[PDB]
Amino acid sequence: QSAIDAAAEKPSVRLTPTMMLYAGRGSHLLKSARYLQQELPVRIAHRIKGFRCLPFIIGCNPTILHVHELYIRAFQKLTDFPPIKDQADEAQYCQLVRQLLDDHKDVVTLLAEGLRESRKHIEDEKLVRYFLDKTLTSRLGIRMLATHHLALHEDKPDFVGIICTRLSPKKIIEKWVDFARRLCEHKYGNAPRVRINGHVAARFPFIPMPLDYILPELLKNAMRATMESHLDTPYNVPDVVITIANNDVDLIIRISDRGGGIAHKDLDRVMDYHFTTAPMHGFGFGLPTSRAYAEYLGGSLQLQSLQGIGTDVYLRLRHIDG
């Protein structure tokens, strides 16, 4: 479509987490919605550009074509909406944003299926990794903007949209610990206990949304490895130790397990999409998605394998405030 061509070239306008805390007023609701209305089609068109740039044989896969078609229909639905002038115009847009978040819920699952089906034709090894990294980060960016504006309507305590003003890293870790242990216990009959140390009382403004994905994935990985390495003593398994290091530059969460580590042969494949050695696991998405997430947010995800003993996983996320 010619309308998509125009918005693909248009540069992306990023709203810094520090700037995002401008929710005062309800004139602040209109100001935010007017931004969301202009910024959402640009992000969609940038991704349509990525589908258009895929090699022909891959872009032709019926599942890839379907996802491409979903992105085009999404851009159509969003741009057709008239500009926001009053609180009635702001209200109807929120319903399009909520529909966008539901119509595109399974885009990554269809994209992985389509890309996997096209294995025979994929020559560039990096092609799939870069396409999924770019898709996953754009979606996080869109979901961040969309959830933030939708959350501005609610009067959620300790939050300004999706920014928590008083986030405790200990609390968010604790939240996922019991959730991962319940999944682990289901498959292995037991789960390792988790110990949290370091800056346990650190409290700071932060966006928990990315941590809500990364932490359960990293805890599921650490727990599965601990269980698969202690199969002969499933009830006597070593604890997973999480350390919080909060400094003025970044937040570091180190997840140290005694699960035998990542084998030297698998060490270069663990960060590849679909690579697994196994619903908890048997997907191969946990690590590459978590790294793409951490890096998109000015951080990093680093692995330190001690083969025969365990692994230390270092999640770093840059603090809010420049």
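Numbering starts at 1 and runs along the sequence shown.
- Message: Does the comparison with other PDB entries of this protein show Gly282 lacking coordinates in a third or more of them, where both adjacent residues are built?
- Response: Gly282: unmodelled in at least a third of the other compared entries.
- Query: For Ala23, do at least a third of the other compared PDB entries give no atomic coordinates?
  - Reply: Yes: coordinates for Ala23 absent from at least a third of the compared entries.
- Query: None, 1 to 3, 4 to 9, or 10 or more: how many residues of the deposited sequence lack coordinates between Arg25 and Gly26?
  - Reply: Going from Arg25 to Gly26, the model skips 1 to 3 residues of the deposited sequence.
- Counting only residues from the deposited sequence, how many are left out of the model between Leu30 and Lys31 (none, 1 to 3, 4 to 9, 10 or more)? According to the record, the chain runs unbroken from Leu30 to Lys31.
- Item | Mean C-alpha B-factor comparison - 175 to 183 and 121 to 129, higher one | Per the PDB record, 121 to 129.
- Item | Average Cα temperature factor in the PDB entry - higher stretch of 237 to 245, 75 to 83 | The stretch with the larger average C-alpha B-factor is 75 to 83.
- Task: Report the option among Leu219, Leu145, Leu96, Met227 whose CA atom has the maximum B-factor in the deposited record.
- Result: Highest C-alpha B-factor among the listed residues goes to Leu96.
- Rank-wise, by C-alpha B-factor, drop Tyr35 into the lowest, middle or highest third of its chain. Top third by C-alpha B-factor.
- Third of the chain's Cα B-factor distribution that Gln92 belongs to, per the entry: It belongs to the highest third of the chain when residues are ordered by C-alpha B-factor.
- Against its chain's modelled residues, does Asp257's Cα B factor rank lowest, middle or highest third? For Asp257, whose C-alpha B-factor we compare with every modelled residue in the chain, the answer is the lowest third.
- Give the position of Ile320 by CA B-factor within its chain, expressed as the lowest, middle or highest third. Within its chain, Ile320 is a middle-third residue by C-alpha B-factor, going by the deposited values.
- Just say lowest, middle or highest third for the CA B-factor of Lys105 relative to the other modelled residues in its chain. For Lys105, the deposited C-alpha B-factor lands in the highest third.
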